[PDB]
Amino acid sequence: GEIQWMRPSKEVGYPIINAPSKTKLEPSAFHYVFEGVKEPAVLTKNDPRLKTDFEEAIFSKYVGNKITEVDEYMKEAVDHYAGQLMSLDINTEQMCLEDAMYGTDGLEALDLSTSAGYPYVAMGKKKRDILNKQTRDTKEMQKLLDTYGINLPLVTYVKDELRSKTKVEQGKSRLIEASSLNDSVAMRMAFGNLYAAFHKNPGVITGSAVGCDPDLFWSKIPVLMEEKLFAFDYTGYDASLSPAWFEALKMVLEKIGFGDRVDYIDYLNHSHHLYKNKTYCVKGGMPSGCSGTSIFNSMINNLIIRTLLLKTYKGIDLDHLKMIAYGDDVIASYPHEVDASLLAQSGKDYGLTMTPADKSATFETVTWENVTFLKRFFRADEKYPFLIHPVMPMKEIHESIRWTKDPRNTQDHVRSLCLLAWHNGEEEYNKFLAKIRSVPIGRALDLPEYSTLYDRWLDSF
C-alpha cells in the first residue's frame, strides 16, 4: 500500500472529521490485582509519551507496492484456490437489501456500534436511526442509497485500545478505516452469500476461519491438517498489499461467479480516505473497516501462501497444502517440511514482510505444542484427549482485565475473559476467580465455575 497524495480536506470540499482526543480506557477495579504492561494507544500528536512524530508513525504502515503485475505463480495460485472454492457451490446470487441489513443464515445483522461513516458522521445521523431490527425496514436505507450513492470516502479513526509501551512511544497506533454504511450495505448485497458460505464453512476448503467458534473448531483443525505444520507472522499485512494482490482476488471472484461485481474490490484497493482535517488517496492496502475485509484478507492470504510455495518449490502439490487463515493470521500444513525462512525471502519480493511465528528470533520447527492461531495454543483435554482446548495465554487475559471503557460492561467483559481463561486448567482458573473476587467489583459479578464450563464444553460437540 502507498499514499499517492494527502491534502487539506477543505481544499477539495470535505468537512473536517471530529475524533475524540481522550482515550475511553481507564484503570479498572482489577488494575492492581493483576500484572500488565500495556497502556492506551496514542490518539493525538500531543501525547507526552510520544518519542517521534505521530502522523509519520500512523501512516508508516504503507511501506509501498513492491509488485505491479500478476505473475505466473499468482495466476496458478488463483486457479487452484478458485478450484477449491468451486466445490462449495457458493450461491452467486445477489443478497436482497433486507437480509444484507438485518441478517440471515450465515450472516449476522449490521453492527450498530460501529461508525456509520461518511457523510453521516458529518451530518450527525447514526445507525440506530436509519434502521431498526423489529420492523426490518429497508425504506430509509434504500432511500439513502439513491441519495448519496456508493464508493464513498473512508472515515479514518485512531483505534482506542491497549498497546505495548513500544507501540506507544513509536506512535504505532492502529487505524480504523471506516466504510460508509451505504458501501457496507452494497458490498453485503453484492457478496452477502459469499460471506455466508465462508462463515458456514470454516476450514481447509475455504481456507478460512472467519466466523468460527474456537471452543468447537479447535478439535477439527488437527484432523484437517497435513503431517508437517508451518507458519509465520506478517508485519503490516493489510497495508503491505499491492494492487496486484487485489487483481488476483478479483480473478478468483470472477472464476466462482462474482465477476459481475469485482468493481467493489477496486475501491478496497484504490481508496479515498478522510482523517481529521486532511484527505488522502491510497494505492493498494486493504482498509481495516469495510464489509468483508476479513474474508477478502483471508482469501488473499490463501493466494499468497500458494504463490510463495509455487515460486519456491516447483512441483509442490497444492492439493496437499492444508491451510486456514483469519485475515493475516494463518495455520498451514504440508506432507513435507518446508523452509519458512526461504518462503519469507520469496514473500519480500511480493511486498510481504514475514517473520518467525510468534515473535521467535529464528524460524524454528512448528509443532502442535508451540503453534498458535488467534493467539490460542492447542491442548488436548487431559481426560478426553480427542477434544482440543483452544488455550489463550493468561497474560492476554490479565492485560485486558486491567482496563475498562464502560463500567456497565464490566460483567460481560469479565465473563468473556472467563470463557477464554478456563481452558488454561482448573487450578489456573480458580486462582483467576480468586483474584477477581479479592475486590468488591469482582465479588458482585455473576461468574461461571470451572466444572460448569468444562461439562458444558464436553456436551457441546
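The numbering used is simple: start at 1 and walk along the sequence shown.
Looking at mean Cα B-factors across 370 to 378 and 352 to 360, the upper value is held by 352 to 360.
Taking the mean C-alpha B-factor of each stretch as recorded, 325 to 333 and 270 to 278 are not equal, and the higher mean is that of 270 to 278. Looking only at 195, 81, 148, 245, the residue with the top Cα B factor in the deposited structure is 148. The entry lists C-alpha B-factors for 315, 211, 285, 119, and the highest of these is at 119. Ranked by Cα temperature factor within the chain, residue 30 sits in the lowest third according to the deposited record. When the modelled residues of the chain are ordered by C-alpha B-factor, residue 38 sits in the middle third. For residue 50, the recorded CA B-factor ranks within the highest third of the chain. Only modelled residues enter the ranking.
Ranked by Cα temperature factor within the chain, residue 24 sits in the highest third according to the deposited record. Residue 136: CA B factor in the highest third of modelled residues in this chain (values from the PDB entry).
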